[PDB]
Amino acid sequence: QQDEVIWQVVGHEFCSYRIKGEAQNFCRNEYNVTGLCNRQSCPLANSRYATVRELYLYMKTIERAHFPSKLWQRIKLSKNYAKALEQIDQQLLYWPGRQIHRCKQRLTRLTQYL
Amino acid sequence: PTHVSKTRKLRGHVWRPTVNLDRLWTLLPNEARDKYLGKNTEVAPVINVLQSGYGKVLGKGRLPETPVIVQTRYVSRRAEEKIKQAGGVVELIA
Amino acid sequence: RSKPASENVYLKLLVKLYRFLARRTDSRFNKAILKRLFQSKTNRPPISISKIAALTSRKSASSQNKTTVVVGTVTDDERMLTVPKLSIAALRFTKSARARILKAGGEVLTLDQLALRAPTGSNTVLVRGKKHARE
Amino acid sequence: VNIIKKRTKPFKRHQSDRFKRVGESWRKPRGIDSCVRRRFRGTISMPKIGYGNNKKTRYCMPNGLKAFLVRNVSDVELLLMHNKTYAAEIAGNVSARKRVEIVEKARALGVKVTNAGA
Amino acid sequence: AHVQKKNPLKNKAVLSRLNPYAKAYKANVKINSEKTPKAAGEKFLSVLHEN
Amino acid sequence: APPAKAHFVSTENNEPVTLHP
Amino acid sequence: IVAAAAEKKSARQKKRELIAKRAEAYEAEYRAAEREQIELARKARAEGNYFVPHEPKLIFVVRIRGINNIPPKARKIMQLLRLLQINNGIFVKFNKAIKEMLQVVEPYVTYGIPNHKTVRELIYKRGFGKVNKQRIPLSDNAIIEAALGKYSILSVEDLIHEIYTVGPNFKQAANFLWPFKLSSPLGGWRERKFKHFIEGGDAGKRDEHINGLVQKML
RNA sequence: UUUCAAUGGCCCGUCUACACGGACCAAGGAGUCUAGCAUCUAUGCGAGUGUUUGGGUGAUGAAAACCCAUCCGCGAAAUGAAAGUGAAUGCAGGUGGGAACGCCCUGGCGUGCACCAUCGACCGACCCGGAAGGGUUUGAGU
RNA sequence: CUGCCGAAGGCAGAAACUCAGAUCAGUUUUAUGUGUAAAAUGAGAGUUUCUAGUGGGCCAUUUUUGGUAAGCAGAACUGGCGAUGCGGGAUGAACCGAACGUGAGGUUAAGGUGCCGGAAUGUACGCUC
RNA sequence: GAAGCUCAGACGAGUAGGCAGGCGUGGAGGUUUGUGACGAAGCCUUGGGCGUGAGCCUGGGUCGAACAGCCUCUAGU
Numbered sequence: 002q003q004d005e006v007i008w009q010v011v012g013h014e015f016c017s018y019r020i021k022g023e024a025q026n027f028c029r030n031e032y033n034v035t036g037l038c039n040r041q042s043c044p045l046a047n048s049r050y051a052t053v054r055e060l061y062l063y064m065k066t067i068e069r070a071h072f073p074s075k076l077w078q079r080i081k082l083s084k085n086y087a088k089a090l091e092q093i094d095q096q097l098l099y100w101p102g103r104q105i106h107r108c109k110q111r112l113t114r115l116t117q118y119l
Numbered sequence: 002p003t004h005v006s007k008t009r010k011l012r013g014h015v069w070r071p072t073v074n075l076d077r078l079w080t081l082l083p084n085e086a087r088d089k090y091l092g093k094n095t096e097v098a099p100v101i102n103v104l105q106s107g108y109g110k111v112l113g114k115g116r117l118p119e120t121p122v123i124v125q126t127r128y129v130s131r132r133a134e135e136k137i138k139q140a141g142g143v144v145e146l147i148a
Numbered sequence: 015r016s017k018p019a020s021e022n023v024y025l026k027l028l029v030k031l032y033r034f035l036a037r038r039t040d041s042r043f044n045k046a047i048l049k050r051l052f053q054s055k056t057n058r059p060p061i062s063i064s065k066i067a068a069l070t071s072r073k074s075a076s077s078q079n080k081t082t083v084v085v086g087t088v089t090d091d092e093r094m095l096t097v098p099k100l101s102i103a104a105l106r107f108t109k110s111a112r113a114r115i116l117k118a119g120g121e122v123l124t125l126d127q128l129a130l131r132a133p134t135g136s137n138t139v140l141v142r143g144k145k146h147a148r149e
Numbered sequence: 004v005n006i007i008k009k010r011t012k013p014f015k016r017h018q019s020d021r022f023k024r025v026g027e028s029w030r031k032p033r034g035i036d037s038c039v040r041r042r043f044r045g046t047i048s049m050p051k052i053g054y055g056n057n058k059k060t061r062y063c064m065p066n067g068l069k070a071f072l073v074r075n076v077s078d079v080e081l082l083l084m085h086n087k088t089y090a091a092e093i094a095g096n097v098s099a100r101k102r103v104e105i106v107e108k109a110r111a112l113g114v115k116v117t118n119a120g121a
Numbered sequence: 313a314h315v316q317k318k319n320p321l322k323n324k325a326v327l328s329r330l331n332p333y334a335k336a337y338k339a340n341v342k343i344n345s346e347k348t349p350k351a352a353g354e355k356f357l358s359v360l361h362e363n
Numbered sequence: 133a134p135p136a137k138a139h140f141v142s143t144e145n146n147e148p149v150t151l152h153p
Numbered sequence: 033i034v035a036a037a038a039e040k041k042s043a044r045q046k047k048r049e050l051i052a053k054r055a056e057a058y059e060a061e062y063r064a065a066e067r068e069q070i071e072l073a074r075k076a077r078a079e080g081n082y083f084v085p086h087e088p089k090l091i092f093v094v095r096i097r098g099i100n101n102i103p104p105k106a107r108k109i110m111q112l113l114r115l116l117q118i119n120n121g122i123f124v125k126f127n128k129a130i131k132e133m134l135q136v137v138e139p140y141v142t143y144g145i146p147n148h149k150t151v152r153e154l155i156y157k158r159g160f161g162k163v164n165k166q167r168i169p170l171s172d173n174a175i176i177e178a179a180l181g182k183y184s185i186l187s188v189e190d191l192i193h194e195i196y197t198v199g200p201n202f203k204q205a206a207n208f209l210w211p212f213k214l215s216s217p218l219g220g221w222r223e224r225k226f227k228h229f230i231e232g233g234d235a236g237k238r239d240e241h242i243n244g245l246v247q248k249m250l
């Protein structure tokens, strides 16, 4: 239905990306920005977000969210760690700036992996 | 569910139904209310409380001034002239 | 008490909304709604559409366009044969009451639409259904 | 910040050092007049809520990283954004092939492993 | 705010904050200078050194 | 009742008398 | 923004010399009060007459017995006085009604008239205000002005004056003040702690000797 | 981890100090299911509510699920020993408090839920009268 | 397993709503004779409703009568015990302190400072073989 | 993880009794591209780690074919 009802059914407990333990839970979502359970970070439970994986970047928007096949758009970066920082932050300036730092840091850790 | 009981934490601790005239118009279907209530017709609607499962009609409520015929076995004392002052007549069914 | 006993997701959302409204406004009405949202069904009796119509058109009346608010169920009363132009915002409407309201008269609203129209409670009569009625 | 443990000796059940039918796991004494329950002198201490450790350091290993159980490479990848606060611990039933595959994945992740050399 | 209670009586800065008068207090003042007037009634001396 | 105020106790009229138990 | 900051700083400054002038006035009043008592005694001695000082309106009460084996009457009285522990101290408006009340808890408390240093020492070091039913230390004059601003008390010196001189708002000033939680006296008590102070013990009235105890308490 | 040194430490359970059980170990071992009733909570519907006594469909396992139908159960009306009778006068009655709201210009003003104090009428059973009218009797009544 | 509340010799808790009060107090003053009435101090005070366990006894206290070689017996109140660990009295169900989360530092209570035993074979004045 | 974050103060015996949150066992539905003959479960251990605790993970040895986390359900727990 909506973002919040999806959260309260999915985000809180029921999700194929939840890993609960002694006192903590983590996120396996290929769409999440922080790896943690939050309203700010769950793209299933909220509108358009962006995320990076190994580097290809997922992006979303609302008007075609009813079509899963073309819902997630992918842009590919294979130039430089520093360069990738400019494309990531440039394409998130006009987008909610809360998770720019988390996305940038994911770029840095994952380039360190490479 | 046994798991949420108290012992799982005590472990280690040792024949005549009646209707009032306020509900008489409820017995008639929605169509009858729409096509007889609130207007002036030479033919008057008839209410058969017997077919609805009521033996006696009692006298709690008011009525709209629309005349109506009430078919019943027993009728209440001043509920009769409640119909008559409303313009209807109680025709007793056997 | 600080949370409802129900697991209903939509009741939780309404609790979430009016928790913010109560704590960020000066509306004692909002505090009352939050308290009545936490009350249980035995403390949330249903109010009849006949009672709502009587209360609006009571004595001096002055019902006008004042929105009627009850934290509960607006049950229908078949005993009256006409329904006035009414506007009631409530937790839940029975299908009979909702149809009778909409077909002949005004409108029904959820507590969401109440927060959209009169978030502070201005021009809202806060009715409650009859308690006891023990059987 | 450093790590402080309020207590290191674990609480043994009373008389577990006298009987073998009595396990070492803690059981709260129930007798009304028992010395342990009435807390006399020179008696083994009872688990109290006051014995808990600092929240900022609770569950943390001596090196400060909380141990996170890992069975496959996916679980290794989940510690990518938490390598500074969590350490992957290999499940005891993971075979040798997945163990070497996982341990090099963690070494490439820069994630500490508490049972790597096994 | 106020993570630690500082005693004004041992910390000069805190005393300065709470009491904007300690800058000019002048505790030790000269009242006696030298001209002291010995004053005790002879009746008082007699009743004191009585019995 | 408030505490007794400071006042005067003239003794020239009644000089103190020595009392012994 | 600059105008508001300047307006804030100015009014806060004007409050500061106001506090300074009040504190200077109270200090001068204390010295003039002690000078007049000395002059009154000296002239009486010179004339052969006698002079009776004012009996002080302020009393400091310290509870010296634990919460065990206390009769319910004494328990209720000390509950009224807010002496719920040992070593707890309170300022009380000594009057006719307080005297007989203290005559019952005499074996359990010791009281005497505090001097200026004692009342100043206690409030600065052990002074904790009761704000929103919470125990908040008097670390700044903002707490005092926001909690007792309706009785013209704006600083610690103002509170000390209202307590030491027993002002019109003494009840409000004392009730704002959490009971003093004093330590065990350095050097200790006497040989027996639960006799009367007059009998070589420690309980009961001790007049001007409460200051010596309080110095050890602090 | 073992051990030593100093300090402390009476053998656990049961029963009103005693007494009764206890050589040791492993496994088993004691508030369960069900019928009714009551409080509370939650869910669905709401002057209604309840499919599974029954019938139809169910092919992929068919003891499930889904659908359909009249009785009938409880409730919608109470009182009387019983025949029986069998409820808004007066916005479905008023007064005061009363949540919330509105109006100004803290307070006042309205405004009044629920509920509580009052309060009149009505339904009856009781009495008088021959339906009207009169009681200051009554019912977990409108 | 842990945490919180916690008795009883009509209670403790839960829910439903009053008034920001002069509304109560194991209390003391004032007035009238332990009763009543109308200043101090403390506290947010409350009302209807239902629902677990208990209704025992030991010890001492002050008020009396019956008493005797001699104790003793019967009342009322008060507390402690009982649900209570800790310091001291050599040790102890009722004696003196003190009401208990895990620790660091300081200071004491009761009792102590010849040795066992942490602490003055300290100071001062007398008594005693 | 609005079921969250944050600041402050007070408090801490506990039987009868009341309330709340968790650990562990057998089986069922969902999920984990879940673990496993390159060794599952079990067992032993003067190894290591976590939790106040119920308990949990892990190194070494033995061993041979199944087993577990998460959310619900259930009980001869």
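So the protein lines, in turn, are chains 3, a, Q, e, C, T and F. FYI, the numbering for the first sequence is 2 to 55, 60 to 119, going by the entry's author numbering. FYI, the numbering for the second sequence is 2 to 15, 69 to 148, going by the entry's author numbering. When we follow the entry's author numbering, the leftmost residue of the third sequence carries the number 15, and every step to the right adds one. When we follow the entry's author numbering, the leftmost residue of the fourth sequence carries the number 4, and every step to the right adds one. When we follow the entry's author numbering, the leftmost residue of the fifth sequence carries the number 313, and every step to the right adds one. When we follow the entry's author numbering, the leftmost residue of the sixth sequence carries the number 133, and every step to the right adds one. When we follow the entry's author numbering, the leftmost residue of the seventh sequence carries the number 33, and every step to the right adds one. No residue lacks a Cβ here, since even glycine has one placed at the ideal position from N, Cα and C.
What are the boundary residues of the alpha helix (DSSP H) that includes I7 (chain 3)? 4 to 7 is the span of the alpha helix (DSSP H), which, as asked, contains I7 (chain 3).
Take every Cβ of the stretch 127 to 141 of chain F, pair it with every Cβ of the stretch 106 to 118 of chain F, and state whether three or more of those distances are shorter than 8 Å. yes
Interface flag, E5 (chain 3) vs chain Q, CB-CB below 8 Å: yes
Give the list of continuous beta strand (DSSP E) stretches no shorter than 3 residues that lie fully inside the stretch 13 to 84 of chain e. 69 to 73
Closer than 8 Å, CB to CB, is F27 (chain 3) near chain e or not? yes
If you measure from the beta carbon of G95 (chain e) to each beta carbon in chain 3, is any gap under 8 Å? no
Please report how far the alpha carbon of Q53 (chain Q) lies from the alpha carbon of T126 (chain a), in whole angstroms. 46 Å
In this structure, what does DSSP give as the bridge partners for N96 (chain e)? Answer is none; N96 (chain e) lacks a bridge partner.
Specify, as a first and last residue, the run of the alpha helix (DSSP H) that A103 (chain Q) falls within. Careful: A103 (chain Q) lies outside any alpha helix (DSSP H), inside the beta strand (DSSP E) at 101 to 107.
Counting only C-beta atoms, is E354 (chain C) closer than 8 Å to chain T at any point? Using a Cβ-Cβ cut-off of 8 Å, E354 (chain C) does not count as an interface residue toward chain T, since no Cβ of chain T sits closer than that to its own.
Per-residue contacts from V141 (chain T) into chain F (C-beta, under 9 Å): Those are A76, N81, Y82, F83, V84, listed as they occur along chain F.
Residues from the stretch 93 to 118 of chain Q in contact with chain a, defined by Cβ distance under 7 Å: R93, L95
Stretch pair the stretch 94 to 107 of chain e + the stretch 73 to 83 of chain e: three plus CB contacts closer than 8 Å: yes
Residues that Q166 (chain F) bridges to, as DSSP identifies them: In the DSSP output, where bridge partners are listed per residue, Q166 (chain F) has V163 (chain F).
So what does DSSP say about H139 (chain T), is it helix, strand or coil? Here DSSP, grouped into helix, strand and coil, assigns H139 (chain T) to strand.
Helix, strand or coil: how does DSSP classify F34 (chain Q) here? helix
Tell me where the alpha helix (DSSP H) around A38 (chain F) begins and ends. 34 to 79
Just reading off the alpha helix (DSSP H) that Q117 (chain F) is part of, what are its end residues? Element bounds for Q117 (chain F): n/a, residue is neither H nor E.
Cutoff 8 Å: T52 (chain 3) Cβ touching any chain e Cβ: Chain e, which has no Cβ nearer than 8 Å to the Cβ of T52 (chain 3), makes this no.
Cα-Cα separation between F212 (chain F) and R152 (chain F), rounded to whole angstroms: 13 Å
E153 (chain F) - DSSP class collapsed to helix/strand/coil: helix
If distances are taken between C-alpha atoms only, which option among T150 (chain F), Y196 (chain F), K157 (chain F), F208 (chain F) comes closest to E177 (chain F)? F208 (chain F)
Proximal residues, the stretch 7 to 21 of chain 3 versus chain Q, C-beta separation under 8 Å: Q9, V10
State yes or no: is the C-beta of residue 130 (chain e) within less than 8 Å of the C-beta of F71 (chain e)? Residue 130 (chain e) cannot be examined here, being either before or after the span of chain e that is shown, 4 to 121.
How long is the line joining the alpha carbons of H152 (chain T) and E231 (chain F), rounded to whole angstroms? Each residue's Cα considered, the two are about 22 Å apart.
For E92 (chain Q), name the three-state secondary structure that DSSP assigns. DSSP, reduced to helix, strand and coil, places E92 (chain Q) outside both helices and strands of the structure shown, so it counts as coil.
In whole angstroms, give me the CA-to-CA distance for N5 (chain e) and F92 (chain F). So the two alpha carbons sit approximately 46 Å from each other.
Give the residues from the stretch 104 to 135 of chain F that approach chain T closer than 9 Å (Cβ to any Cβ), ordered along the chain. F126, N127, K128, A129
For the stretch 175 to 189 of chain F against the stretch 151 to 166 of chain F, do three or more pairs of beta-carbon atoms, one drawn from each stretch, fall closer than 8 Å, so that the two count as touching? yes
Between which two residues does the beta strand (DSSP E) harbouring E121 (chain Q) extend? 121 to 123
Is the stretch 41 to 57 of chain F close to the stretch 107 to 127 of chain F, with three or more CB pairs under 8 Å? no
Near-chain T residues of the stretch 86 to 101 of chain F (beta-carbon distance less than 8 Å), N- to C-terminal order: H86, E87, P88, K89
Give me the DSSP bridge partner(s) of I80 (chain 3). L62 (chain 3)
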